[PDB]
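S.K.: Pasting in a structure now, in structure tokens, and then I'll have a few things to ask.
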Amino acid sequence: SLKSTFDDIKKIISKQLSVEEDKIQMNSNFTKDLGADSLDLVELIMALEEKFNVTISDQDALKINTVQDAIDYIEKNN
Ligand SMILES: *OP(=O)(O)OCC(C)(C)[C@@H](O)C(=O)NCCC(=O)NCCS
């Protein structure tokens, strides 16, 4: 389910960024809205890779700016 991948990703983000799940929305931008720094970003991409068993290249990661970007990436790639 969209809801299922959504719920998994929110937990990952919440834990990495110390932000309550309810504050995490599709257009939430990691750096502009959720206070992510450079190490946060590295930790998040590695956490997505570990959870969803996908490989996110450096250039892909540079295009994952929001929650929706990350969900759409995972749904594209399983
Ligand atoms: O603090 P920041 O978010 O800008 O950076 C965090 C990361 C992990 C991206 C870097 O600190 C990092 O480790 N970069 C590569 C490791 C090096 O030794 N780089 C050479 C100096 S730029």
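Using mature numbering (1 follows the signal peptide of the UniProt record, and there is no 0), you'd call the opening residue of the sequence shown number 42 and step up by one each time.
A virtual CB, placed ideally from N, CA and C, is assigned to each residue, including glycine.
Does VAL83 pass the burial test, meaning 16 or more other C-beta atoms within 10 Å, or should it be called exposed?
M.R.: If you number the sequence shown from 1, residue 83 lands on position 42. Counting Cβ neighbours within 10 Å, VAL83 comes out exposed, since fewer than 16 surround it.
S.K.: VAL60: which of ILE97, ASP81, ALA102, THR46 sits nearest, CA to CA?
M.R.: As a position in the sequence shown, residue 60 is number 19, starting the count at 1. Taking only the C-alpha atoms, the option nearest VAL60 is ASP81.
S.K.: Is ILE112 near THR46, with beta carbons less than 9 Å apart?
M.R.: As a first step, residue 112 is located in the sequence shown; it is residue number 71 there, counting from the start. As a first step, residue 46 is located in the sequence shown; it is residue number 5 there, counting from the start. It is a contact, given that the beta carbons lie within the stated cut-off.
S.K.: How many whole angstroms separate the CB atoms of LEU85 and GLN57, which I take to be in contact at a CB cut-off of 8 Å?
M.R.: Taking the sequence shown and counting its residues from 1, the one referred to as residue 85 is at position 44. Taking the sequence shown and counting its residues from 1, the one referred to as residue 57 is at position 16. With 8 Å as the limit, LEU85 and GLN57 qualify as a contact, their Cβ atoms being about 5 Å apart.
S.K.: Where does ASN118 sit, in a helix, a strand or coil, going by DSSP?
M.R.: Residue mapping note: residue 118 aligns to position 77 of the sequence shown, counting from 1. Helix, per DSSP.
S.K.: In three-state DSSP terms, what is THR46?
M.R.: Translated into positions along the sequence shown, residue 46 becomes position 5. Helix at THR46.
S.K.: How close, in whole Å, do the beta carbons of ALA88 and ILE115 come, if the pair is a contact with beta carbons under 8 Å?
M.R.: Against the sequence shown, residue 88 aligns to sequence position 47. Against the sequence shown, residue 115 aligns to sequence position 74. Actually they are not in contact, since the Cβ atoms of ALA88 and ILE115 sit about 12 Å apart, beyond 8 Å.
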